[PDB]
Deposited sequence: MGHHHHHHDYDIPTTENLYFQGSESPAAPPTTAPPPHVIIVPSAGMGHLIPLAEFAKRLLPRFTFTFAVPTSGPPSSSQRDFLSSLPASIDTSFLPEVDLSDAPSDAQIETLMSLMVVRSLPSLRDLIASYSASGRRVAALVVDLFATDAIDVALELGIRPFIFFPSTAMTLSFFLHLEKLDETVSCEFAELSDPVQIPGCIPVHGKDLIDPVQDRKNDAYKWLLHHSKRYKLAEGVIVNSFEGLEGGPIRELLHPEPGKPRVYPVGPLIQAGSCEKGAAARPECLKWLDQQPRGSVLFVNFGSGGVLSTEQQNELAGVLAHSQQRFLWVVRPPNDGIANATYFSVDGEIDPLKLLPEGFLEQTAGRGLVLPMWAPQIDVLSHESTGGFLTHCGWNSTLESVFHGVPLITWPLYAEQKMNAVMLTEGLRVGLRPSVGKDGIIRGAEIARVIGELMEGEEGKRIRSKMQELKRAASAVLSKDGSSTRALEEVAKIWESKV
């Protein structure tokens, strides 16, 4: 029984980043102890606290003293605010590390989220191995590493490009579908994004939540050893488990509803927390589901201008065919149900991976962050989903919503899309087995943290 080396994790964004980070740490237990050094700009949300306090004991949490973001623009994008949050928390992170080291504990590694590269400077000064955890696609990681070159060769706004951007090892992406922070090169968000991308080379390794079976092109290009590019460790798919072994409780009503429906016949609609639609956009979706014969399980949230904000008599037209849920739903238990045949998601990488892991074809409805690049890679790259076309007014009309739903649940492309999605499902469980490619990646990262 040797002492467990300690590891500090520095998350960037909200719950969407803690989940994969937590699963990453949970899979390295009990070889190491962990501490979430969580930067804050205010009282941590009850969601963050309740989640982190439910992790195993070996994964501690330390909410760093909150910082003042009032001097940042009121319209600052989230990437700008997150970068300032880490920078203004480095003294706190220095003290947190100083308390563990002062006690004789070996701090073996600092794992910084994709927008916490400024914390690598602390790890380098203290002789700690800096690693970067990328809770997104290998495609987007390739975009980060290529962003420096893409900036030196393109001068105009990316949405003004005629040809798609050619990222090493990835499929072409039009400038309008590039990640949000690059859509305005005059905004501080783009300067920060460039700042971090240039600093990825400072890490001894990038841990990306993806695997080769899911992104053959980008992964093989990332694994290509080059000077000035860090080693990459594909450890995906990292997703939470369902209520299969996470507590004992009574069956939710929505799951009982799925039990009575046929196999692969229900379309699960959920844009996730922070995936709010406009009243007009929500009406279009509500109109198609009202007049469709498709079975749906829809998680609804109040628009930005909730089951009473739905159109007139919507619940009357969709009684036993569909089931509306307010705000929240057990996403993983739904996706694992046999009656779920499709998933209309915002393409958040956690939601995407949970759908790939259970072999559920997607309706790619990207919204923000890198979801549009995830939609392109899923629908046009892997051919496991359909993307409704957005109009010039930002609204996705019912004609497109009904089109993709129809081609997916019925039709022959939805027949090929499902078969292809099953191949990825079997591949996802494969890379996570004792003979898996990702099981090795974790093992190798652990050995590096234990090396010397």
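| field | Coordinate gaps, deposited numbering | value | Going by the record, the segments left unmodelled (no C-alpha atoms) fall at 1-31, 337-351, 499.
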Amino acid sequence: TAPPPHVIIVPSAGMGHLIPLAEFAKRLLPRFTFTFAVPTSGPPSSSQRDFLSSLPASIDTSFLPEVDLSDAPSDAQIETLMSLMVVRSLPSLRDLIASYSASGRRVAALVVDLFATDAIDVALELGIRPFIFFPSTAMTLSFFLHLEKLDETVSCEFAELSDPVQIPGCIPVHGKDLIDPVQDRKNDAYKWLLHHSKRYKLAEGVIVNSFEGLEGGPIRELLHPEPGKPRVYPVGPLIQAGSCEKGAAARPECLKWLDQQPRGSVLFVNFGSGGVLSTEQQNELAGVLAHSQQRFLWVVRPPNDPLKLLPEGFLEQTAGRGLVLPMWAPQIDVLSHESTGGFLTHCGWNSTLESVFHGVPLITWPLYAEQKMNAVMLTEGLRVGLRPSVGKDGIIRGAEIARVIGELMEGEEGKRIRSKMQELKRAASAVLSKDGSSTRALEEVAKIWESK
From here on, numbers count along this sequence of modelled residues.
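| field | Entry-level comparison of average CA B-factors, 146-154 and 337-345, reporting the higher stretch | value | Taking the mean C-alpha B-factor of 146-154 and of 337-345, the larger value falls to 146-154.
| Mean C-alpha B-factor higher for 121-129, or for 375-383? | The stretch with the larger mean CA B-factor is 375-383.
| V356, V165, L194, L93, ranked by C-alpha B-factor: the highest one | Of the options given, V165 has the highest CA B-factor in the PDB entry.
| field | Per the PDB entry, maximal CA B factor within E370, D75, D113, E204 | value | When the deposited C-alpha B-factors of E370, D75, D113, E204 are compared, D75 is largest.
| request: Compare the C-alpha B factor of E400 with those of the other modelled residues in its chain, then answer lowest, middle or highest third. | output: For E400, whose C-alpha B-factor we compare with every modelled residue in the chain, the answer is the lowest third.
| request: Among all modelled residues of this chain, ranked by Cα B factor, put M15 in the bottom, middle or top third, i.e. lowest, middle or highest. | output: Highest third, going by the recorded CA B-factors of the chain.
| task | Sort the modelled residues of this chain by their C-alpha B factor and say whether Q282 lands in the lowest, middle or highest third. | result | Middle third by C-alpha B-factor.
| request: Within this chain's modelled residues, let me know which third the CA B factor of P218 belongs to: lowest, middle or highest. | output: Middle third of the chain for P218's C-alpha B-factor.
| query | Considering only modelled residues of the same chain, in which third does the CA B-factor of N209 rank: lowest, middle or highest? | reply | As the PDB entry reports it, the C-alpha B-factor of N209 lands in the lowest third of its chain.
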